[PDB]
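Undergrad:
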Amino acid sequence: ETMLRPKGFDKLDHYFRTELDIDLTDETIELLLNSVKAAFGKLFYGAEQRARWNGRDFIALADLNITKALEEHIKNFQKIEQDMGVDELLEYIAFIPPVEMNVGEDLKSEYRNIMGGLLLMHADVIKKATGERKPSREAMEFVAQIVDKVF
Ligand SMILES: C[As](C)(=O)[O-]
Ligand SMILES: [Zn+2]
Ligand SMILES: [Zn+2]
Ligand SMILES: [Zn+2]
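Following the working numbering, the numbering of the sequence shown begins with 1433 at its first residue and continues without gaps.
Dropping the structure here:
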């Protein structure tokens, strides 16, 4: 790899291998990030309605479709000291939530924790579903499919 590899990939690659026992490639990182981005969009299911019922004109964290299981991953992510590239990866995915309403700035400030939780959740699913320390394209495509069915 060189310094041109998209920013964050480096650090994610390094964290997944050394701390989670998952060997990623550029190809499987892209698949992983597309699945994270998809799941992130799914968290906005019901969010505009919940915001309106609360008298708000913006989406708050309280309005998102986050479950207890994801909340646990988000909390575990916040206690990680090593930088796994989440800030760079967030910019890389160029996330646009599927809503017309304003996303509140305090929620925007939590996007790194949400994405970090989604990354740890995906690592958990990779290990429990693929059977491969170095997942193939098809293994990762399967992870994205089964993740889509819990969001
Ligand atoms: C030098 As590396 C991103 O393969 O840990
Ligand atoms: Zn590369
Ligand atoms: Zn590498
Ligand atoms: Zn395929």
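For every residue, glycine included, the Cβ atom is placed at its ideal position computed from N, Cα and C.
Could you check if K1511 is buried or exposed, using at least 16 other CB atoms within 10 Å of its CB as the buried criterion?
TA: With fewer than 16 other Cβ atoms within 10 Å, it is exposed.
Undergrad: Tell me whether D1445 is buried or exposed, calling it buried when 16 or more other Cβ atoms sit within 10 Å of its Cβ.
TA: Burial call: buried.
Undergrad: Go ahead and pull the three-state DSSP assignment for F1448.
TA: Of the three classes helix, strand and coil, the one that applies to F1448 here is helix, per DSSP.
Undergrad: For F1490, which beta-bridge partners are listed by DSSP?
TA: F1490 pairs with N1534.
Undergrad: Give the range of the alpha helix (DSSP H) segment to which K1507 is assigned.
TA: Run containing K1507: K1500 to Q1510, per the alpha helix (DSSP H) assignment.
Undergrad: Near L1463, what residues of its chain come up, given a Cβ to Cβ distance below 6 Å and the 5 sequence neighbours on each side ignored?
TA: The residues are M1572.
Undergrad: Roughly how many angstroms lie between the CA atoms of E1537 and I1506, to the nearest whole one?
TA: Using only the alpha carbons, I get a separation of about 19 Å.
Undergrad: Enumerate in chain order the residues of its own chain whose CB-to-CB distance from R1569 is below 8 Å, with the five nearest sequence positions on each side excluded.
TA: Excluding positions up to five away in sequence, the list reads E1459, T1460 and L1463.
Undergrad: Taking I1454 as the reference, which of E1564, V1575 and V1579 has the closest Cα?
TA: Nearest of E1564, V1575 and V1579 to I1454, Cα basis: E1564.
Undergrad: Any heavy atom of ligand 4 closer than 7 Å to the CB of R1484?
TA: No; taking the cut-off as 7 Å, the Cβ of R1484 has no heavy atom of ligand 4 nearer than that.
Undergrad: In whole angstroms, what separates the C-alpha of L1456 from that of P1529?
TA: Near 27 Å, if we compare the C-alpha coordinates of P1529 and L1456.
Undergrad: Beta-carbon separation of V1557 and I1525 under 8 Å?
TA: The answer is no: Cβ separation not under 8 Å.
Undergrad: Quick one: residues with CB closer than 5 Å to any heavy atom of ligand 1, in chain order, please.
TA: Matched residues: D1442, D1445 and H1446.
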